[PDB]
Amino acid sequence: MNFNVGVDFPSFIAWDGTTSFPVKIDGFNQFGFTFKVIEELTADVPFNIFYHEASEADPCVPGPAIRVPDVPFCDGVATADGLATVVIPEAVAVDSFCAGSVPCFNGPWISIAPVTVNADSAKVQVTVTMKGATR
Amino acid sequence: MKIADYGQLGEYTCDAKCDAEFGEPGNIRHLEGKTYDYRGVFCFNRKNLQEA
């Protein structure tokens, strides 16, 4: 017997390979990403993490993109520009998935997009998972 | 210390000769070593470590 797991742990598309879709994290108090590949890669592909906030004309539409700030850990290096990023290694196999999440919330919406759109950035798929609804 | 060699001393000589020769004595060497160090460090976050 399986369950309707989507009731408790819904997931939403964040990057389908041609467009980036803002995702709402307001009602969920935890979340994370998930990465997968569909073809052999030619080089590393980095990503940028953004966050949005309520637009002026309507409280249910996101505003312009705001780049996320970095948060150094207990003790360790910090990014050269103070902004969070994710780098997908070239060695990643087609039959594997990668998981990682940011430590801080910031605005009630989140987004992600590649640093440069090209034939290599279309070979990745990013999905966001939630947990712990608060309403 | 280390004894590198013992050298050659003395030989069979004709009886008529009235003296003997000097050989090539051995060699002794002084050697020394060293000791090495292994070290590391790790850190935790207090609340996470206490709630896990």
# chains A, B, ... in the order shown; residues from 1 in each chain; ligands from 1

$ select_by_dssp --residues "chain A" --states "strand (DSSP E)" --output "PyMOL selection string"
chain A and resi 11-15+23-24+28-37+45-52+66-67+85-88+97-98+109-114+124-133

$ write_last_selection --atoms "N, CA and C atoms" --output "CSV table (one decimal), in the first residue's frame"
chain,number,residue,atom,x,y,z
A,11,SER,N,5.4,19.1,-4.4
A,11,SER,CA,6.6,19.5,-5.1
A,11,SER,C,6.2,20.4,-6.3
A,12,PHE,N,7.0,21.3,-6.7
A,12,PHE,CA,6.7,22.2,-7.8
A,12,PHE,C,7.9,22.4,-8.7
A,13,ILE,N,7.6,22.6,-10.0
A,13,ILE,CA,8.7,22.9,-11.0
A,13,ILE,C,9.3,24.2,-10.7
A,14,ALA,N,10.6,24.3,-10.8
A,14,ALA,CA,11.4,25.5,-10.7
A,14,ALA,C,12.2,25.9,-11.9
A,15,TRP,N,12.5,24.9,-12.7
A,15,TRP,CA,13.3,25.2,-14.0
A,15,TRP,C,13.1,23.9,-14.9
A,23,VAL,N,8.3,30.2,-7.2
A,23,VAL,CA,7.6,29.3,-6.3
A,23,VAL,C,7.3,30.0,-5.0
A,24,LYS,N,6.1,29.7,-4.5
A,24,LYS,CA,5.7,30.3,-3.2
A,24,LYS,C,6.0,29.3,-2.0
A,28,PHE,N,4.8,27.0,3.9
A,28,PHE,CA,5.6,25.9,4.3
A,28,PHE,C,6.8,26.3,5.0
A,29,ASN,N,7.1,25.7,6.2
A,29,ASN,CA,8.2,26.1,7.0
A,29,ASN,C,9.5,25.4,6.8
A,30,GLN,N,9.5,24.5,5.7
A,30,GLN,CA,10.8,23.9,5.3
A,30,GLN,C,10.7,23.7,3.8
A,31,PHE,N,11.8,23.6,3.1
A,31,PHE,CA,11.8,23.3,1.7
A,31,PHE,C,13.2,23.0,1.2
A,32,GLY,N,13.3,22.5,0.0
A,32,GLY,CA,14.6,22.2,-0.6
A,32,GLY,C,14.5,21.9,-2.0
A,33,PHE,N,15.7,21.8,-2.7
A,33,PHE,CA,15.7,21.6,-4.1
A,33,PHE,C,16.0,20.2,-4.4
A,34,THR,N,16.0,19.9,-5.7
A,34,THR,CA,16.4,18.5,-6.3
A,34,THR,C,16.7,18.7,-7.7
A,35,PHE,N,17.9,18.1,-8.1
A,35,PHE,CA,18.5,18.3,-9.4
A,35,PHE,C,18.6,17.0,-10.1
A,36,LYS,N,18.4,17.0,-11.4
A,36,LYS,CA,18.5,15.8,-12.2
A,36,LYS,C,19.0,16.2,-13.6
A,37,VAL,N,19.6,15.3,-14.3
A,37,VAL,CA,20.1,15.5,-15.7
A,37,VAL,C,19.5,14.5,-16.6
A,45,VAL,N,27.7,23.7,-15.0
A,45,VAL,CA,26.6,24.7,-15.2
A,45,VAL,C,26.3,25.3,-13.8
A,46,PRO,N,26.5,26.5,-13.6
A,46,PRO,CA,26.2,27.2,-12.3
A,46,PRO,C,24.8,27.8,-12.4
A,47,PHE,N,24.2,28.0,-11.2
A,47,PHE,CA,22.9,28.6,-11.0
A,47,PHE,C,22.9,29.7,-10.0
A,48,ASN,N,21.9,30.6,-10.1
A,48,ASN,CA,21.7,31.7,-9.2
A,48,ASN,C,20.4,31.5,-8.5
A,49,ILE,N,20.4,31.9,-7.2
A,49,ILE,CA,19.2,31.8,-6.4
A,49,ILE,C,18.6,33.2,-6.1
A,50,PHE,N,17.3,33.4,-6.4
A,50,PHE,CA,16.7,34.7,-6.2
A,50,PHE,C,15.5,34.5,-5.2
A,51,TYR,N,15.0,35.6,-4.7
A,51,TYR,CA,13.8,35.6,-3.9
A,51,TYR,C,13.0,36.9,-4.3
A,52,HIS,N,11.7,36.8,-4.1
A,52,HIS,CA,10.8,37.8,-4.4
A,52,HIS,C,10.0,38.2,-3.2
A,66,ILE,N,15.2,39.5,-6.4
A,66,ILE,CA,16.2,40.0,-5.5
A,66,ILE,C,17.2,38.8,-5.2
A,67,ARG,N,18.4,39.1,-5.5
A,67,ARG,CA,19.4,38.1,-5.3
A,67,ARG,C,19.6,37.7,-3.8
A,85,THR,N,25.2,30.5,-4.6
A,85,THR,CA,25.1,29.9,-5.9
A,85,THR,C,25.2,28.4,-5.7
A,86,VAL,N,24.9,27.7,-6.8
A,86,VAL,CA,25.0,26.2,-6.9
A,86,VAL,C,25.7,25.9,-8.2
A,87,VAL,N,26.7,25.0,-8.1
A,87,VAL,CA,27.4,24.5,-9.3
A,87,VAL,C,27.2,23.0,-9.4
A,88,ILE,N,26.7,22.6,-10.6
A,88,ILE,CA,26.4,21.2,-10.9
A,88,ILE,C,27.7,20.6,-11.5
A,97,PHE,N,20.5,11.8,-8.7
A,97,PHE,CA,19.8,13.1,-8.3
A,97,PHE,C,20.6,13.8,-7.2
A,98,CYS,N,20.6,15.1,-7.1
A,98,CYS,CA,21.3,15.9,-6.2
A,98,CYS,C,20.3,16.7,-5.4
A,109,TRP,N,8.8,34.2,-1.6
A,109,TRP,CA,8.9,33.5,-2.9
A,109,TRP,C,10.3,33.2,-3.2
A,110,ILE,N,10.6,32.2,-4.0
A,110,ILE,CA,11.9,31.8,-4.4
A,110,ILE,C,12.0,31.5,-5.9
A,111,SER,N,13.2,31.6,-6.4
A,111,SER,CA,13.3,31.3,-7.9
A,111,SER,C,14.8,30.9,-8.1
A,112,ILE,N,15.0,30.3,-9.3
A,112,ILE,CA,16.3,29.9,-9.7
A,112,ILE,C,16.4,29.9,-11.2
A,113,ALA,N,17.6,30.2,-11.7
A,113,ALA,CA,17.9,30.3,-13.2
A,113,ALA,C,19.4,30.1,-13.4
A,114,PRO,N,19.8,29.6,-14.6
A,114,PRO,CA,21.2,29.5,-14.9
A,114,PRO,C,21.9,30.8,-15.1
A,124,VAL,N,19.3,20.2,-17.7
A,124,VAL,CA,19.1,20.0,-16.2
A,124,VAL,C,17.6,20.3,-15.9
A,125,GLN,N,17.2,19.7,-14.8
A,125,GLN,CA,15.8,19.9,-14.3
A,125,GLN,C,15.9,20.1,-12.8
A,126,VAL,N,15.2,21.1,-12.3
A,126,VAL,CA,15.3,21.5,-10.9
A,126,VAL,C,13.8,21.5,-10.4
A,127,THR,N,13.6,20.9,-9.2
A,127,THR,CA,12.3,20.8,-8.6
A,127,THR,C,12.4,21.1,-7.1
A,128,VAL,N,11.4,21.8,-6.6
A,128,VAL,CA,11.4,22.3,-5.2
A,128,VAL,C,10.4,21.4,-4.4
A,129,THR,N,10.8,21.0,-3.3
A,129,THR,CA,9.9,20.2,-2.4
A,129,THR,C,9.6,21.0,-1.1
A,130,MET,N,8.4,20.8,-0.6
A,130,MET,CA,8.0,21.5,0.6
A,130,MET,C,7.9,20.5,1.7
A,131,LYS,N,7.5,21.0,2.9
A,131,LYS,CA,7.2,20.2,4.1
A,131,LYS,C,6.6,21.1,5.2
A,132,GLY,N,5.7,20.4,6.0
A,132,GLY,CA,5.2,21.1,7.1
A,132,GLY,C,4.4,22.3,6.8
A,133,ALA,N,3.2,22.1,6.2
A,133,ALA,CA,2.3,23.2,6.0
A,133,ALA,C,1.8,23.8,7.3

$ residues_around --residues "segment 32-48 of chain B" --least-positions-apart "4" --cutoff "12 Å" --atoms "only C-alpha atoms" --output "list in words"
residues 73, 74, 75 and 76 of chain A; 1, 2 and 52 of chain B

$ write_last_selection --atoms "N, CA, C and O atoms" --output "CSV table (one decimal), in the first residue's frame"
chain,number,residue,atom,x,y,z
A,73,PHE,N,28.8,29.6,7.4
A,73,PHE,CA,28.5,28.5,8.4
A,73,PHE,C,29.3,28.7,9.6
A,73,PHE,O,30.0,29.7,9.8
A,74,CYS,N,29.1,27.7,10.5
A,74,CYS,CA,29.9,27.7,11.8
A,74,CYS,C,31.3,28.2,11.7
A,74,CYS,O,31.7,29.1,12.4
A,75,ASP,N,32.0,27.6,10.7
A,75,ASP,CA,33.4,28.1,10.4
A,75,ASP,C,33.8,27.5,9.1
A,75,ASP,O,33.8,26.3,8.9
A,76,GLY,N,34.1,28.4,8.1
A,76,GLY,CA,34.4,28.0,6.8
A,76,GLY,C,34.5,29.2,5.8
A,76,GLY,O,34.2,30.3,6.2
B,1,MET,N,73.8,5.5,15.8
B,1,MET,CA,75.0,5.2,15.0
B,1,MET,C,74.8,4.1,14.0
B,1,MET,O,73.7,3.4,14.1
B,2,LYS,N,75.7,3.9,13.1
B,2,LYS,CA,75.7,2.8,12.2
B,2,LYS,C,77.1,2.4,11.7
B,2,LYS,O,77.9,3.4,11.5
B,52,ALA,N,19.2,17.2,17.4
B,52,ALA,CA,19.3,16.0,16.6
B,52,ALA,C,19.1,14.8,17.5
B,52,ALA,O,19.5,14.7,18.6

$ residues_around --residues "residue 18 of chain A" --least-positions-apart "2" --cutoff "9 Å" --atoms "only C-alpha atoms" --output "PDB file with N, CA and C atoms, in the first residue's frame"
ATOM      1  N   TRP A  15      12.548  24.894 -12.716  1.00  0.00           N
ATOM      2  CA  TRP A  15      13.255  25.167 -13.962  1.00  0.00           C
ATOM      3  C   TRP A  15      13.111  23.949 -14.858  1.00  0.00           C
ATOM      4  N   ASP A  16      12.410  24.109 -15.978  1.00  0.00           N
ATOM      5  CA  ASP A  16      12.135  23.009 -16.891  1.00  0.00           C
ATOM      6  C   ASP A  16      13.135  22.919 -18.035  1.00  0.00           C
ATOM      7  N   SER A  20      12.127  29.693 -16.042  1.00  0.00           N
ATOM      8  CA  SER A  20      12.207  29.602 -14.589  1.00  0.00           C
ATOM      9  C   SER A  20      10.917  30.132 -13.979  1.00  0.00           C
ATOM     10  N   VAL A 117      22.140  31.073 -20.413  1.00  0.00           N
ATOM     11  CA  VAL A 117      21.294  30.125 -21.127  1.00  0.00           C
ATOM     12  C   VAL A 117      22.002  29.697 -22.405  1.00  0.00           C
ATOM     13  N   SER A 121      22.660  24.335 -20.640  1.00  0.00           N
ATOM     14  CA  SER A 121      21.785  24.609 -19.507  1.00  0.00           C
ATOM     15  C   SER A 121      20.410  23.980 -19.672  1.00  0.00           C
ATOM     16  N   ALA A 122      20.075  23.500 -20.871  1.00  0.00           N
ATOM     17  CA  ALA A 122      18.780  22.870 -21.090  1.00  0.00           C
ATOM     18  C   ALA A 122      18.766  21.407 -20.671  1.00  0.00           C
TER      19      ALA A 122
END

$ atom_distance --atom1 "atom CA of residue 25 of chain A" --atom2 "atom CA of residue 108 of chain A"
5.6 Å

$ residues_around --residues "residue 24 of chain B" --least-positions-apart "3" --cutoff "7 Å" --atoms "only C-alpha atoms" --output "PDB file with N, CA, C and O atoms, in the first residue's frame"
ATOM      1  N   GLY B   7      86.411  -2.541   6.901  1.00  0.00           N
ATOM      2  CA  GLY B   7      87.725  -2.308   6.334  1.00  0.00           C
ATOM      3  C   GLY B   7      88.565  -3.572   6.299  1.00  0.00           C
ATOM      4  O   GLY B   7      88.242  -4.598   6.894  1.00  0.00           O
ATOM      5  N   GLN B   8      89.681  -3.476   5.584  1.00  0.00           N
ATOM      6  CA  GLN B   8      90.615  -4.579   5.415  1.00  0.00           C
ATOM      7  C   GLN B   8      91.885  -4.286   6.199  1.00  0.00           C
ATOM      8  O   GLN B   8      92.471  -3.207   6.057  1.00  0.00           O
ATOM      9  N   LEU B   9      92.308  -5.244   7.020  1.00  0.00           N
ATOM     10  CA  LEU B   9      93.509  -5.106   7.831  1.00  0.00           C
ATOM     11  C   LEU B   9      94.355  -6.360   7.698  1.00  0.00           C
ATOM     12  O   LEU B   9      93.853  -7.474   7.873  1.00  0.00           O
TER      13      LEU B   9
END

$ residues_around --residues "residue 28 of chain B" --least-positions-apart "6" --cutoff "7 Å" --atoms "only C-alpha atoms" --output "ChimeraX atom specification"
/B:2-5

$ write_last_selection --atoms "C-alpha atoms" --output "CSV table (one decimal), in the first residue's frame"
chain,number,residue,atom,x,y,z
B,2,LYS,CA,75.7,2.8,12.2
B,3,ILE,CA,78.7,0.7,11.2
B,4,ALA,CA,79.0,1.3,7.5
B,5,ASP,CA,82.1,-0.9,7.0

$ atom_distance --atom1 "atom CA of residue 19 of chain A" --atom2 "atom CA of residue 39 of chain A"
18.2 Å

$ select_by_dssp --residues "segment 5-135 of chain A" --states "helix (DSSP H, G or I)" --output "mmCIF file with N, CA and C atoms, in the first residue's frame"
data_model
loop_
_atom_site.group_PDB
_atom_site.id
_atom_site.type_symbol
_atom_site.label_atom_id
_atom_site.label_comp_id
_atom_site.auth_asym_id
_atom_site.auth_seq_id
_atom_site.Cartn_x
_atom_site.Cartn_y
_atom_site.Cartn_z
ATOM 1 N N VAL A 5 1.162 10.880 -1.010
ATOM 2 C CA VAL A 5 2.257 11.621 -0.392
ATOM 3 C C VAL A 5 2.208 13.092 -0.781
ATOM 4 N N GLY A 6 1.680 13.400 -1.964
ATOM 5 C CA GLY A 6 1.571 14.784 -2.388
ATOM 6 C C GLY A 6 0.718 15.642 -1.478
ATOM 7 N N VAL A 7 -0.121 15.030 -0.642
ATOM 8 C CA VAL A 7 -0.903 15.799 0.320
ATOM 9 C C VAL A 7 0.018 16.490 1.315
ATOM 10 N N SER A 121 22.660 24.335 -20.640
ATOM 11 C CA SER A 121 21.785 24.609 -19.507
ATOM 12 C C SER A 121 20.410 23.980 -19.672
ATOM 13 N N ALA A 122 20.075 23.500 -20.871
ATOM 14 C CA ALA A 122 18.780 22.870 -21.090
ATOM 15 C C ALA A 122 18.766 21.407 -20.671
ATOM 16 N N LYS A 123 19.910 20.857 -20.269
ATOM 17 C CA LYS A 123 20.010 19.447 -19.921
ATOM 18 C C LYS A 123 19.791 19.180 -18.438
#

$ residues_around --residues "residue 61 of chain A" --least-positions-apart "3" --cutoff "10 Å" --atoms "only C-alpha atoms" --output "short mmCIF file (atom, residue, chain, number, x, y, z; two decimals) with N, CA, C and O atoms, in the first residue's frame"
data_model
loop_
_atom_site.label_atom_id
_atom_site.label_comp_id
_atom_site.auth_asym_id
_atom_site.auth_seq_id
_atom_site.Cartn_x
_atom_site.Cartn_y
_atom_site.Cartn_z
N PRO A 22 8.70 31.21 -10.64
CA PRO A 22 8.70 31.52 -9.20
C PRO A 22 7.84 30.53 -8.43
O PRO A 22 6.81 30.07 -8.92
N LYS A 24 6.12 29.67 -4.45
CA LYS A 24 5.70 30.28 -3.19
C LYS A 24 6.03 29.33 -2.04
O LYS A 24 5.64 28.16 -2.06
N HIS A 52 11.69 36.76 -4.10
CA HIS A 52 10.78 37.84 -4.42
C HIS A 52 9.97 38.19 -3.18
O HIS A 52 10.12 37.58 -2.12
N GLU A 53 9.12 39.20 -3.32
CA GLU A 53 8.21 39.61 -2.26
C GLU A 53 6.94 40.16 -2.89
O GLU A 53 6.85 40.35 -4.11
N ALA A 54 5.94 40.41 -2.04
CA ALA A 54 4.62 40.79 -2.52
C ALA A 54 4.70 42.01 -3.43
O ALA A 54 5.36 43.00 -3.10
N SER A 55 4.03 41.94 -4.57
CA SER A 55 4.00 43.06 -5.49
C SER A 55 3.10 44.17 -4.95
O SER A 55 2.27 43.95 -4.06
N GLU A 56 3.28 45.36 -5.50
CA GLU A 56 2.51 46.52 -5.03
C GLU A 56 1.06 46.44 -5.48
O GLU A 56 0.14 46.69 -4.69
N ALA A 57 0.82 46.08 -6.75
CA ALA A 57 -0.53 46.08 -7.30
C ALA A 57 -1.40 44.97 -6.74
O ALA A 57 -2.63 45.07 -6.83
N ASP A 58 -0.81 43.92 -6.19
CA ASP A 58 -1.59 42.80 -5.66
C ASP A 58 -0.75 42.01 -4.66
O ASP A 58 0.42 41.73 -4.93
N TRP A 109 8.80 34.21 -1.59
CA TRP A 109 8.88 33.51 -2.86
C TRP A 109 10.34 33.23 -3.18
O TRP A 109 11.24 33.94 -2.70
#

$ residues_around --residues "residue 21 of chain B" --least-positions-apart "2" --cutoff "8 Å" --atoms "only C-alpha atoms" --output "PyMOL selection string"
chain B and resi 10+19+23

$ write_last_selection --atoms "N, CA and C atoms" --output "PDB file, in the first residue's frame"
ATOM      1  N   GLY B  10      95.635  -6.174   7.389  1.00  0.00           N
ATOM      2  CA  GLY B  10      96.573  -7.277   7.349  1.00  0.00           C
ATOM      3  C   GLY B  10      96.433  -8.166   6.133  1.00  0.00           C
ATOM      4  N   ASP B  19     108.925  -5.814   7.074  1.00  0.00           N
ATOM      5  CA  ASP B  19     107.963  -4.827   7.550  1.00  0.00           C
ATOM      6  C   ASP B  19     106.582  -5.185   7.010  1.00  0.00           C
ATOM      7  N   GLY B  23      96.555  -0.892   6.142  1.00  0.00           N
ATOM      8  CA  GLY B  23      95.351  -1.204   5.404  1.00  0.00           C
ATOM      9  C   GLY B  23      94.461   0.012   5.247  1.00  0.00           C
TER      10      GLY B  23
END
